[PDB]
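Data block for run.tsv (TSV, C-alpha atoms):
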```
chain	number	residue	atom	x	y	z
A	1	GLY	CA	0.00	0.00	0.00
A	2	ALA	CA	2.58	2.58	-1.22
A	3	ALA	CA	-0.06	5.36	-1.33
A	4	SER	CA	-0.30	4.73	2.43
A	5	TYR	CA	3.36	5.36	3.23
A	6	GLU	CA	2.92	8.98	4.41
A	7	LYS	CA	0.20	7.78	6.78
A	8	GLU	CA	2.34	4.87	8.02
A	9	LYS	CA	5.21	7.25	8.65
A	10	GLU	CA	2.96	9.63	10.58
A	11	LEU	CA	1.75	6.79	12.83
A	12	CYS	CA	5.25	5.51	13.56
A	13	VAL	CA	6.36	9.05	14.40
A	14	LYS	CA	3.35	9.33	16.73
A	15	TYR	CA	4.14	6.03	18.50
A	16	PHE	CA	7.79	6.99	18.79
A	17	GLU	CA	6.89	10.33	20.41
A	18	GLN	CA	5.23	8.44	23.28
A	19	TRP	CA	8.30	6.24	24.10
A	20	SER	CA	11.05	6.97	26.68
A	21	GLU	CA	14.35	8.68	25.59
A	22	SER	CA	16.08	5.19	25.76
A	23	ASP	CA	13.48	3.15	23.85
A	24	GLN	CA	13.65	5.91	21.20
A	25	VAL	CA	17.45	5.41	21.04
A	26	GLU	CA	17.15	1.63	20.99
A	27	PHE	CA	14.65	1.91	18.12
A	28	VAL	CA	16.78	4.19	15.91
A	29	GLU	CA	19.83	1.99	16.41
A	30	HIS	CA	17.83	-1.08	15.43
A	31	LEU	CA	16.69	0.65	12.22
A	32	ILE	CA	20.28	1.67	11.59
A	33	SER	CA	21.47	-1.94	11.98
A	34	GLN	CA	19.13	-2.96	9.14
A	35	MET	CA	20.22	-0.29	6.69
A	36	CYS	CA	22.95	-0.38	4.04
A	37	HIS	CA	26.33	1.42	3.84
A	38	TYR	CA	24.97	4.18	1.61
A	39	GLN	CA	22.03	4.84	3.97
A	40	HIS	CA	24.50	4.96	6.87
A	41	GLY	CA	26.47	7.59	4.96
A	42	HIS	CA	23.55	9.97	4.51
A	43	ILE	CA	22.39	9.75	8.12
A	44	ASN	CA	25.98	10.27	9.40
A	45	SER	CA	26.32	13.33	7.15
A	46	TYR	CA	23.04	14.61	8.62
A	47	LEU	CA	23.89	13.86	12.25
A	48	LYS	CA	27.43	15.30	12.11
A	49	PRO	CA	26.57	19.03	11.66
A	50	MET	CA	24.05	18.61	14.45
A	51	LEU	CA	26.48	17.49	17.16
A	52	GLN	CA	27.78	21.07	17.48
B	1	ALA	CA	8.10	-3.30	26.24
B	2	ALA	CA	5.56	-4.67	26.28
B	3	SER	CA	3.53	-1.77	24.77
B	4	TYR	CA	6.76	-0.43	23.25
B	5	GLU	CA	7.61	-3.95	22.00
B	6	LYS	CA	4.17	-4.38	20.34
B	7	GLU	CA	4.51	-0.93	18.71
B	8	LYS	CA	8.23	-1.24	17.83
B	9	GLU	CA	7.44	-4.46	15.98
B	10	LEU	CA	4.66	-2.78	13.97
B	11	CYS	CA	6.94	0.14	13.16
B	12	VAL	CA	9.75	-2.16	12.01
B	13	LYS	CA	7.32	-3.99	9.73
B	14	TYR	CA	6.01	-0.80	8.10
B	15	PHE	CA	9.62	0.46	7.76
B	16	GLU	CA	10.90	-2.70	5.98
B	17	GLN	CA	8.53	-2.01	3.06
B	18	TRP	CA	9.46	1.65	2.60
B	19	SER	CA	11.97	2.55	-0.13
B	20	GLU	CA	15.62	3.07	0.90
B	21	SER	CA	15.14	6.88	0.62
B	22	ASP	CA	11.85	6.98	2.63
B	23	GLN	CA	13.67	4.92	5.27
B	24	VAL	CA	16.42	7.55	5.46
B	25	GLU	CA	14.04	10.51	5.44
B	26	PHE	CA	12.19	8.81	8.32
B	27	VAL	CA	15.24	8.07	10.51
B	28	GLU	CA	16.45	11.64	9.82
B	29	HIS	CA	13.08	12.86	11.05
B	30	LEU	CA	13.34	10.77	14.22
B	31	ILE	CA	16.79	12.21	14.91
B	32	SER	CA	15.66	15.80	14.39
B	33	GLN	CA	13.28	15.28	17.32
B	34	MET	CA	15.95	13.95	19.76
B	35	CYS	CA	18.28	15.13	22.68
B	36	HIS	CA	21.88	16.13	22.17
B	37	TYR	CA	22.49	13.11	24.47
B	38	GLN	CA	20.43	10.76	22.27
B	39	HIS	CA	22.40	12.09	19.31
B	40	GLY	CA	25.63	11.12	21.10
B	41	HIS	CA	24.42	7.53	21.54
B	42	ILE	CA	23.35	7.23	17.87
B	43	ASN	CA	26.67	8.72	16.72
B	44	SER	CA	28.57	6.22	18.96
B	45	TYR	CA	26.61	3.32	17.50
B	46	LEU	CA	26.90	4.51	13.92
B	47	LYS	CA	30.57	5.60	13.70
B	48	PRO	CA	32.14	2.12	14.11
B	49	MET	CA	29.73	0.80	11.44
B	50	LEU	CA	31.12	3.06	8.68
B	51	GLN	CA	34.54	1.50	7.86
```
Can the structure from this file be put into structure tokens for me?
Amino acid sequence: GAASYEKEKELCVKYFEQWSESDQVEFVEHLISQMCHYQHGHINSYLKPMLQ
Amino acid sequence: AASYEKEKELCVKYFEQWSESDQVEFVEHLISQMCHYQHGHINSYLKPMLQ
């Protein structure tokens, strides 16, 4: 249901917003573990400016 | 969990069917909503995984 992806994404964001700071972290790291090298590159390049 | 574990599992399932670029846009969104401290954990997890 690819026309439903925006709505899926909004629900997941909603669920995520109700979790504790550490479940949130555990979740993002799990997602990261399932992604490929190129995905890892574009999140790193997004995270890096934001650490300062 | 268990509420988090029920919901995390649903989220993971939705995620696995998104395109590689919707996956990235999504994670990037999650991160934009996080602590400087959460960011430090993510960075620490991600940096060894690069090389």
Residue B:28 surroundings by all atoms listed in the file, 10 Å radius, close-in-sequence under 2 positions cut, as an MDAnalysis selection string: (chainID A and resid 28 42:44 46:47) or (chainID B and resid 22:26 30:33)
Residues of chain A within 8 Å of chain B, counting all atoms listed in the file, as a ChimeraX atom specification: /A:2,5,8-9,12-13,15,19,21-23,25,27-29,31-32,37,39-44,46-47,51
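Note that the spacing between atom CA of residue B:44 and atom CA of residue A:11 amounts to 27.5 Å.
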Assuming 8 Å of padding per side, give the centre and edge lengths of the axis-aligned box around every listed atom of stretch 39-47 of chain B, in Å to one decimal and as JSON.
```
{"center_x": 26.5, "center_y": 7.7, "center_z": 17.6, "size_x": 24.2, "size_y": 24.8, "size_z": 23.8}
```
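Relative to atom CA of residue A:45, atom CA of residue B:13 is found at 25.8 Å.
For the pair atom CA of residue A:30 and atom CA of residue A:10, the interatomic distance is 19.0 Å.
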